[PDB]
Number of protein chains: 4
Amino acid sequence: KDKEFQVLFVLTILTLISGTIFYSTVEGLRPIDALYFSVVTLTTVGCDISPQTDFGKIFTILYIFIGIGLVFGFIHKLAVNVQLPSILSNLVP
Amino acid sequence: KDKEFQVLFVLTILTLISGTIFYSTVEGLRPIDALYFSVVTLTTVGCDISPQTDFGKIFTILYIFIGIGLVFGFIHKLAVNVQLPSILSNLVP
Amino acid sequence: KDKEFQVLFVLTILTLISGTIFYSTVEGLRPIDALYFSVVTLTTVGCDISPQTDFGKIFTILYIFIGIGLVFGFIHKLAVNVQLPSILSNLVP
Amino acid sequence: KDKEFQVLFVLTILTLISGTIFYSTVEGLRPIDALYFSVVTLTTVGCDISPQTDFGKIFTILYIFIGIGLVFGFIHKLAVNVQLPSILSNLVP
Ligand code: NA
Ligand code: NA
Ligand SMILES: [Rb+]
Ligand SMILES: [Rb+]
């Protein structure tokens, strides 16, 4: 429950940090832009600009396959154990 | 059931309104284009043009993580409690 | 089962046909390109080119919200009742 | 369990190989770029560049509809039977 959500949160944070480091150093992007790219790639939203370095593409494939499940599980647990109870409470008379 | 679908609908509407206000004022887009961006970002479809303001990127990350679960739950409930019964009725002899 | 998959298939086909007609007439795209746009939008994959007509954007929002659930349910049923049994049979000794 | 995950892995690998061959020969892309395109299309992440050949678009539609279910099932099973036990073990005192 609580510990599960917190573990998922920390795991997603570390994964996003790794992706940001990668895309800011290897690819050469700015830190916030690298974070945006990581989020949009792990959330399947997408971006206009794409990687160019072959190492970047390899890491992108592995990163998707490694972190999509984690990010989407974190979203599911955030909606089921954080957003839903909050809405239920703020909808009580 | 009905109240659940309506609550999800109103929540999605308010979230989309917030996103539209943000992207139309801060980013500087037109209202309908801001609504399209919000929908495509919360639905994971995507867009060709991306945010440019750092504040915009921060809000985009938080907006995705806050509204993807809501939008997709609304889609699920719309398909299970609105689309499915309608199809079943219009498929009855 | 079978009838469910077939109904989902026909519904997805009609939805894609409607989207193709729209994007080929109003937007002004070629039929196959309109079909590709409809598929990539209902499947959340994405595209490089985006709508430009305000009517196009309205229809895109409504089309996403109306057909994402249908397309993804069709994919789920195709994987559970068509792909999975086929793989099980072709994996039998 | 184990055999299920391995079968899904091999199926995804073969599907990605087919997509890479297609996009590297017909479309004319480089092998790693074709693999990236296949991954981003089957994972619904997206890409900046889109197909141009009509045959390419037909194959893209069929490829999405044929492999999205497989790729996402592989991701689900990888998260439930590989990532989750590993995290549980590395979180044990
Ligand atoms: Na361009
Ligand atoms: Na683009
Ligand atoms: Rb997506
Ligand atoms: Rb996408």
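Evaluate peptide D:30-43: per residue, the Cβ atoms of other protein chains within 10 Å of its Cβ; return the mean as an integer.
4
Between their Cα atoms, which of B:57/C:57; B:1/D:57; C:1/D:1 are more than 31 Å away from each other?
Long pairs (Cα-Cα over 31 Å): B:1/D:57.
Straight distance only, please: which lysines reach the Cα of residue A:3 with their own Cα at less than 18 Å, same-chain residues fewer than 8 apart left out?
Of all the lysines, those that pass the test against residue A:3 - Cα under 18 Å, at least 8 places apart if same chain - are A:77.
Positive end of the dipole of chain C, charges at C-beta (+1 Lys, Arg; -1 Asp, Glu), about the Cα centre: which of C:50, C:61, C:12 has its Cα farthest in that direction?
Towards the positive end, the residue furthest out is C:12.
Excluding residue D:66 itself, calculate the net charge of residues whose Cβ lies under 15 Å from the Cβ of residue D:66, where each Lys or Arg counts +1 and each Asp or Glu counts -1.
Result for the local shell: +2.
Hey, in the GNM for chain C with a 10 angstrom Cα cutoff, which one of C:41, C:12, C:53 fluctuates hardest?
Answer for the Gaussian network model of chain C: C:53.
Label chain C by shape, choosing from rounded, prolate and oblate, from the square roots a ≥ b ≥ c of the eigenvalues of the Cα gyration tensor; if a/c is under 1.5 it is rounded, and otherwise prolate applies when a/b is larger than b/c, oblate when it is not.
Note, shape of chain C comes out prolate.
Would you mind working out the magnitude of the charge dipole of chain C relative to its Cα centre, with +1 at each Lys and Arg C-beta and -1 at each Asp and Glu C-beta, to the nearest 20 Debye?
240 debye
Choose one answer from B:24, B:38, B:50: the residue with the largest mean-square fluctuation in a GNM of chain B with alpha-carbon springs under 10 Å.
B:50
Dipole magnitude of the protein assembly as shown about its Cα centre, charges +1 at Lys/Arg Cβ and -1 at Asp/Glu Cβ only, in debye to the nearest 20?
With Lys and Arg at +1 and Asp and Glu at -1, about 940 debye.
Mind giving me the nanometre distance, one decimal, between the label points for residue A:30 and residue C:52, set 7 Å out from Cα along Cα→Cβ?
2.9 nm
Please compute the net charge surrounding residue D:46, taking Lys and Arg as +1 and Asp and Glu as -1 over other residues with Cβ under 13 Å from its Cβ.
Around residue D:46, the surrounding residues sum to -4.
Placing the label point 7 Å from Cα along the Cα-to-Cβ direction, what are the distances from residue A:65 to the equivalent spots in the other copies, shortest first, in nm to one decimal?
Label-point distances to the other copies, shortest first: 2.7, 2.7, 3.8 nm.
Please identify the helices of chain C, taking whole runs of DSSP H, that span at least 24 Å along their own axis as judged from the Cα atoms and have a mean Kyte-Doolittle score of 0.5 or higher.
Answer set is C:2-22, C:54-78.
Select from C:67, C:19, C:56 the residue whose mean-square fluctuation is largest in a Gaussian network model of chain C (Cα-Cα springs shorter than 10 Å).
Of the options given, C:56 has the highest mean-square fluctuation.
Just need the relative contact order of chain A here, percent rounded to a whole number, with Cα pairs under 8 Å and 6+ apart.
Details: 58 pairs, mean separation 31.4, N = 93.
Reported relative contact order: 34 percent.
Where a ≥ b ≥ c are the square roots of the eigenvalues of the C-alpha gyration tensor, would you call the protein assembly as shown rounded, which needs a/c under 1.5, or, failing that, prolate if a/b is larger than b/c, or oblate? Display every interim value, and only then the final one.
On the way: a/c = 1.10, a/b = 1.00, b/c = 1.10.
It is rounded, given that a/c, with a ≥ b ≥ c, falls under 1.5.
Test of understanding: ordering C:92, B:71 by Cβ neighbours within 10 Å, fewest first, what list do you get?
On the way: C:92 6, B:71 24.
Lowest to highest Cβ neighbour count: C:92, B:71.
Laboratory data are not the source of any read-out in this text; all were calculated from the coordinates shown. No Cβ is skipped: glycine too gets one built from the backbone with ideal geometry, and neighbour counts run over all protein chains shown.
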